[PDB]
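Residue numbers (the authors' numbering), protein chains in the order written: chain A, 304 to 404; chain B, 153 to 353; chain C, 153 to 253; chain D, 405 to 414, 497 to 599; chain E, 506 to 555. First up is the structure itself, then whatever we jot down about it.
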Amino acid sequence: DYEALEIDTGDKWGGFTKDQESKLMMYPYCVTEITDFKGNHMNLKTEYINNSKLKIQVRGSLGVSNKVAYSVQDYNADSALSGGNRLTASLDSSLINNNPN
Amino acid sequence: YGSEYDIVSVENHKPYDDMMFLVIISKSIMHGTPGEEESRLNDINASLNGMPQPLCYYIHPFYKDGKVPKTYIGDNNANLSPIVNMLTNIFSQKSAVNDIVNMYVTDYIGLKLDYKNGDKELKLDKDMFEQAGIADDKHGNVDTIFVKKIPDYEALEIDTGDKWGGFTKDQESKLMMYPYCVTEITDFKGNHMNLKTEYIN
Amino acid sequence: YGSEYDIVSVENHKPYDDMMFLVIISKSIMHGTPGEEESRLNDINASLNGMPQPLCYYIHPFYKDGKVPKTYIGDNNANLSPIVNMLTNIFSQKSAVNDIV
Amino acid sequence: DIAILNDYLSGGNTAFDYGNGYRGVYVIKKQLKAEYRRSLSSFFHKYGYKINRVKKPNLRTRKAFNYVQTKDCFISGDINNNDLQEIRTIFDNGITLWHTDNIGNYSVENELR
Amino acid sequence: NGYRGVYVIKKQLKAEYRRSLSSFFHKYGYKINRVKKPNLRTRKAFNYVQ
């Protein structure tokens, strides 16, 4: 079986300048982008990451060519949604790199 | 109603649950079968498989740990090879491999099957399938399934239950309607569609 | 809220930090292993790798300066070749190269 | 497809999908965020739904109150026409009919009668 | 050139617009669009209500 590896990047609000007006922390005023700088990228509305931290799950394989996926399973997850269901549902909105390398 | 949805329910359904099929296609017959009086090796064999068609089809059910279900064809145990050993042996047989034109895996072969997922037991119609022994007397024997014919395909129904199950029920029922709620169906392989739940009749 | 964003934070995360893998796929067994009872060279060898599959997979961890990690398999040091030398040597061996897909 | 080990050998990643457990079909249910649920639910609670039908109005169908807003409504009666015109104007402008003595308390459920 | 793995890039609006919007919110609060009882005395110095 293949398995997911979790990368904990820490406090999801880390790095943003904190305004007196908290609404300026919301999309569209701020945004978190995830990219591989190889053509794959996605914008995350930080407020909708259901977790205090931004954690990224890495999935991959050892098949006939390179393929690695980067997910944020907590993005748009209902609070009651299990970790397993979150990981499952996150693939349609993941960074997927299938560069042959 | 905002810019994003919460994902509130996630469920997976597979046609044969834990079982998948390996499909092997060859230009001619590769196998012997118990009781046959004469060899059919290398014979062309056209058959009804969805439509009249000229290739030979072999199938092999398997599980992710490499085990295979106990499979009967009529009253006889087909004695299926474990799938990994079978791949090794089939590709080791020069005669077998030179005749094979495709190999793929599929979740559904166009038939409702007499299959017990819990017991890992499969029963197949002897009029449609037969035991296939593929051997060259040097490498390991392969025991698999030859498809004699599948005249028609059929639909298999998956019942997921109450279509409103999983949504939070608001005091205001209109908030159960699209665009406030939506049911998405996807294979997570690039195919997906949004359903307005209220319009599922 | 304007037409452009300021980039305020940039961070890079890699699954195995400094390490990546070279993956070599061949149609048959190219190697011997200490203790093996009989040679398996040129044998077909299917295996579970994500799914049941018929090819032979070799992997080689490496760093950007050409070093490789000290690697143990169980209790035994695998004595890995440095990656540059390995590329030179693997492609110098015709038996090896003709089987690599 | 799975690789065929013949003399011709040397696409797509079947292993990634199967090995990470993706098979069959998935049902994903999605709903609007809590912020917007609160907004919209409170609005519908007070003002009902958009209807866009020509019909007799729902005047007394809920337990506590009914909101009614018409356009070009038809109202007749043995009433001087000045007052009838004023009454039609009232409903065309929108009015809440209270069926309880606790007028103005919107915290109640207001379930169907 | 050193590109491996995944990158997290955080982005925010320019100072010109931060000044604009924060001064506006400071005076007039936020758009609410909710049916509810009004916030009359929830801040230390003043409450805008519309």
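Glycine included, C-beta positions come from ideal geometry on N, C-alpha and C.
*Relative to the C-alpha of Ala-248 (chain C), which residue among C:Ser-155, C:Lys-166, C:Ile-176, C:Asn-164 is closest?*
C:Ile-176
*Beta-carbon of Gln-517 (chain D) versus every beta-carbon of chain B: anything under 9 Å?*
yes
*Is it true that the CB of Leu-347 (chain A) sits closer than 9 Å to the CB of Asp-314 (chain A)?*
no
_Can you look up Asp-578 (chain D) in the DSSP assignment and give me helix, strand or coil?_
helix
*Based on the DSSP output, what are the partners of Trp-316 (chain A) in its beta bridges?*
None, per the DSSP bridge assignment.
*Rounded C-alpha distance that separates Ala-198 (chain B) from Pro-204 (chain B)*: 7 Å
_Backbone secondary structure at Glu-521 (chain E) - three-state DSSP_ = helix
*Contacts around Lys-278 (chain B), its chain only, beta-carbon distance under 6 Å, and the 5 residues preceding and following it disregarded*: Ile-225, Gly-226
*Using the beta-carbon of each residue, which ones in chain B are nearer than 9 Å to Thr-391 (chain A)?*
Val-162, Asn-164, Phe-340
_I need the boundaries of the beta strand (DSSP E) containing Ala-392 (chain A), first residue and last residue._
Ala-392 (chain A) -> not in any beta strand (DSSP E); alpha helix (DSSP H) instead, spanning 386-392.
_Chain-ordered chain B contacts of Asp-395 (chain A) [CB-CB under 7 Å]_ = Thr-338, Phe-340, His-344
*Inter-residue CB distance, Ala-392 (chain A) and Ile-514 (chain D) (contact presumed, cutoff 8 Å)*: 6 Å
*Is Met-182 (chain C) helix, strand or coil by DSSP?*
coil
*Find the nearest neighbour of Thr-320 (chain B) within the set D:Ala-520, D:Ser-528, D:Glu-572, D:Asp-558, judged by alpha-carbon distance.*
D:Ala-520
_Minimum C-alpha distance to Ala-550 (chain D) - residue among D:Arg-599, D:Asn-410, D:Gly-497_ = D:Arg-599
*Cross-chain neighbours of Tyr-533 (chain E) in chain C, by beta carbon under 7 Å*: Under the 7 Å cutoff, chain C gives no residues; its nearest Cβ is about 16 Å from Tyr-533 (chain E).
*Range covered by the alpha helix (DSSP H) that runs through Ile-565 (chain D)*: Premise fails: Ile-565 (chain D) is in no alpha helix (DSSP H) and is neither H nor E.
*Under 8 Å Cβ to Cβ from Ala-407 (chain D), same chain only, skipping five residues before and after it: list those, please.*
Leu-413
*Measure from the C-beta of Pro-213 (chain C) to each C-beta in chain D and report whether the shortest distance is under 9 Å.*
no
_Using a Cβ-Cβ cutoff of less than 6 Å, which residues in the same chain neighbour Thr-335 (chain A) once the five nearest sequence positions on both sides are dropped?_
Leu-347, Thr-349
_Which of helix, strand or coil DSSP assigns to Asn-201 (chain B)_ = strand
*Taking the beta strand (DSSP E) that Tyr-535 (chain D) falls in, what are its first and last residues?*
Looking at the DSSP string, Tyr-535 (chain D) is not in any beta strand (DSSP E), and its letter there is neither H nor E.
*Starting from the beta carbon of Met-172 (chain C), find every residue of chain E whose beta carbon is closer than 8 Å, and list them in chain order.*
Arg-509
_Using a Cβ-Cβ cutoff of less than 8 Å, which residues in the same chain neighbour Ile-310 (chain A) once the five nearest sequence positions on both sides are dropped?_
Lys-358, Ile-359, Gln-360, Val-361
*Just checking my contact of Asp-251 (chain C) with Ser-180 (chain C) at CB under 8 Å: how many whole Å lie between their CB atoms?*
6 Å
_I want to verify the contact list: residues of chain A whose CB lies under 7 Å from the CB of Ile-159 (chain B), in sequence order._
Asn-379, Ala-380, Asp-381, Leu-384, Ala-392
*residue 390 (chain D) to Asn-228 (chain C), Cα distance in whole Å?*
Shown here, chain D extends from 405 to 599; a query on residue 390 (chain D) therefore has no answer.
*For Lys-370 (chain A), go through chain D and note every residue whose CB falls closer than 7 Å to its CB, in chain order.*
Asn-499, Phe-502
*Do we get a CB-CB distance below 9 Å when we pair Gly-563 (chain D) with the residues of chain C?*
no
*Output yes if chain E places a C-beta closer than 9 Å to the C-beta of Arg-539 (chain D); else output no.*
no
*asked:* Can you tell me whether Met-345 (chain B) is buried or exposed? The criterion is at least 16 other CB atoms within 10 Å of its CB, across all chains shown.
replied: exposed
*Verify the CB distance criterion: does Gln-376 (chain A) have a CB-CB separation below 9 Å to chain E?*
no
_Looking at chain A, is there any beta carbon in it that lies within less than 9 Å of the beta carbon of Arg-548 (chain E)?_
no
*asked:* One question on the structure: do residue 144 (chain B) and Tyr-522 (chain D) come within less than 9 Å of each other, judged by their Cβ atoms?
replied: Residue 144 (chain B) falls outside the range modelled here, since chain B spans only 153 to 353, and no answer is possible.
*Does the count of Cβ pairs from the region 567-579 of chain D and the region 158-166 of chain C closer than 8 Å reach three?*
no
*Under the three-state reduction of DSSP, which class applies to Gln-283 (chain B): helix, strand or coil?*
strand
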